[PDB]
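In the form deposited in one PDB entry, a lone chain appears below as structure tokens.
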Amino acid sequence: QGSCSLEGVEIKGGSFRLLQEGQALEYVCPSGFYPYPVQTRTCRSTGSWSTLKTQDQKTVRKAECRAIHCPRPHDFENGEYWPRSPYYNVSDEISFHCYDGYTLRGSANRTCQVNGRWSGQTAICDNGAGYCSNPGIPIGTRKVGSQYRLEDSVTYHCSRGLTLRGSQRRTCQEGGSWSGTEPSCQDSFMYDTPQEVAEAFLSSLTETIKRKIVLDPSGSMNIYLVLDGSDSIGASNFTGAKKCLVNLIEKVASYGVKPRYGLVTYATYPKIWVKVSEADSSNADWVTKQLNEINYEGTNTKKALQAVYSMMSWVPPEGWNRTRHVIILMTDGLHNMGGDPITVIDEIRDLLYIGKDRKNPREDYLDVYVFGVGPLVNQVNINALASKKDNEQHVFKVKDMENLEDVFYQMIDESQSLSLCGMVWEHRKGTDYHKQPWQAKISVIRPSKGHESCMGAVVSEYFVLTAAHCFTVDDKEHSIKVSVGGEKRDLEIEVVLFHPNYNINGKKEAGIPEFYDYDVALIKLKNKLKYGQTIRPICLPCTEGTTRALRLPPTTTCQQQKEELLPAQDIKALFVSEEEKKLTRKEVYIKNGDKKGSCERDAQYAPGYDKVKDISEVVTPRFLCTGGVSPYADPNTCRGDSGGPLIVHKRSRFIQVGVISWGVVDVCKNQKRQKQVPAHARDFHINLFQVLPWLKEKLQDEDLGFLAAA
């Protein structure tokens, strides 16, 4: 129905997006900030948007993007943690310690992450004296029940405003394990990244060898794909969901198994498109064609699952107890009408004889996975339906249909060679070089003087891309060393190739001491790099690799890539910064639209450039601009980060669009110090789309598949 004026709804330090044809909105904040007091607003029948309220229901005059905090532990049994603060800022560290007589499991040291979650696993102090282990208290939750004898239970509770994910109750079972799965508390801003979801789903569905799906000997598997099309998932005849599912089917087929598929879409009533009992339902290619053909057109989930039950049911056939069943539900709402769908899951577990025998519980024979999409999904309800299995995750919440698609594109990219450009798997126990495998450190030794330390990016097995200003003609190759993958070993180089138009010394006679135009160089290594989990290439602009990374058709041009990667907007990008051996991603915004001119003009504030009459003489068409307070407070590069890649993270892949070149002011660590970061604190980076003929030439034997560079 009627629409609401957007006057006055702006959020300080953030933006918003419209949902449900203008009837709702969601606020959007930079990395490390969340919308206060509310994630979403609804358009009211008055023409005004819903009021901004806190928990206690105090009106807030103005919405703001506020620093994320990780929750303080409510309690820690049989030990102490420290430091103890009301709340923790991103990158705060605590540590956990047991009392005498108790032994620590889980993570001793934990760090508050950019997503509002503590790193690692729940710390537990246990004396081994219970029938069951001490189940622990995940940070953010409160536990009721402190006896761990056989058949005792513990219950968990979240704070007002938050929602519990996982088991609200766990029960101590014969053999010494707890039923259900470890809980966590979800705040309104929290989403799972596609990379996290891709690792969590795969490691739930499969066993590790490569990976495999194990069935019974002479054993079967049925997969039920259920799509709630009541809201936006049905948009464009389920186009998004079809992409996801095509990719899922393709991934499952990689494991050599031939499952039977069911396909059901639903809203008020269910539609069965493919039935598991069909002669062709185990033909992956046939099922894929059927799925691609489906179309649209309240949320009756109970009925959708009753369509699933009817596909299952059957006195019973041979090998009924040999089949494992996987339900996959995709939803952006799940506000159920027509009854609680949970009772149907109960009926299913009766049918499959699950939970009916203590000596043979048969939990392996059913898995229900729920993928929630967007800010409007009912979190209690998606969790209620999803399986609860120890050390497994079965409930996901992603931002977007685009992000849901990214989950399955990542899963498809997993088995590809390590040469796959700008792909990073979300290794659970990975370090900094598992998260930025392309990162190179460059050192140059200079007699009686400070050594140069710069950054670069691995672009092929022989090449590291960096800035030219890290080197002069006087630097012999033996003085220059490169390290990759966080290894002590520093690698010998063959040569440094400078862009042929680069000349720091200008322009010096014209009154300009440093001229950074064309500030790019390639280091050719002496020896070929062996790729691995901590050493992998980043994607470069205008190559076949990037077309594929962006999920685009093979006829895609370099102009099409530029349009996708550097449109005339404020572009979300990132660089990697090192602080005390740790690498952290710092999100920045490239001013490539109306703000470009004002970003560029701030160069006059740079030292040496104060007398420059015409700013274009120092800021050339080769340059990209980040920094400043508009639209957002951008972080700035440190001296050590120079030459490093400026990166766009799109479709689960990392594409380097720039090289970190020079900055207006050194203001780096006003970060955790304050700040007082000036509004004219800009960083200038060399745009790689502006030096492609040189790149394509130098890297011509590296098998990168460059497109037309002119």
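Just count from 1 along the sequence shown to find any residue number.
In terms of unmodelled positions of the deposited sequence, the stretch from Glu297 to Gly298 in this entry skips 4 to 9 residues. Unmodelled deposited residues between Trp82 and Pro83: none, per the record. Mean C-alpha B-factor is higher over 481-489 than over the other stretch, the pair under comparison being 384-392 and 481-489. For the pair 533-541 and 350-358, the record assigns the higher mean C-alpha temperature factor to 350-358. Taking the deposited Cα B-factors for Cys185, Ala198, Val370, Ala467, the highest one is held by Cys185. As recorded in the PDB entry, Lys581 shows the highest C-alpha B-factor of the residues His427, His499, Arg170, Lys581.
When all modelled residues of the chain are sorted by CA temperature factor, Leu646 is found within the lowest third.
Residue-level temperature factors show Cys4 in the highest third of its chain, judged at the C-alpha atom. When the modelled residues of the chain are ordered by their C-alpha B factor, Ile445 lands in the middle third.
Ranked within its chain, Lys212 lands in the highest third, by CA B factor from the PDB record. Annotation for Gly663: C-alpha temperature factor in the middle third relative to the rest of the modelled chain, per the entry.
What comes next is about the form solved in complex with a partner chain, which does not appear here.
Although the partner is absent here, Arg160 lies within 4.5 Å of its partner chain in the deposited complex, judged by heavy atoms.
Its partner chain in the deposited complex comes within 4.5 Å of no heavy atom belonging to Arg548. A residue is said to contact a partner when one of its heavy atoms sits within 4.5 Å of a partner heavy atom; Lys507 fails this definition for its partner chain in the deposited complex, lying far away.
Contact annotation for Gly79: at least one heavy atom lies within 4.5 Å of its partner chain in the deposited complex. Across the proposed site, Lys572, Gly593 and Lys613 without exception lack any heavy atom within 4.5 Å of its partner chain in the deposited complex. Here the chain stands alone, but in the deposited complex its contact with its partner chain, taken as any heavy atom within 4.5 Å, falls in 91-99 among 399-407, 273-281, 91-99, 186-194.
Distance criterion of 4.5 Å from any heavy atom to its partner chain in the deposited complex singles out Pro86 from the list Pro86, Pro217, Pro554, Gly256. For the residues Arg72, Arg211, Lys356, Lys524, the 4.5 Å heavy atom test against its partner chain in the deposited complex is passed only by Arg72.
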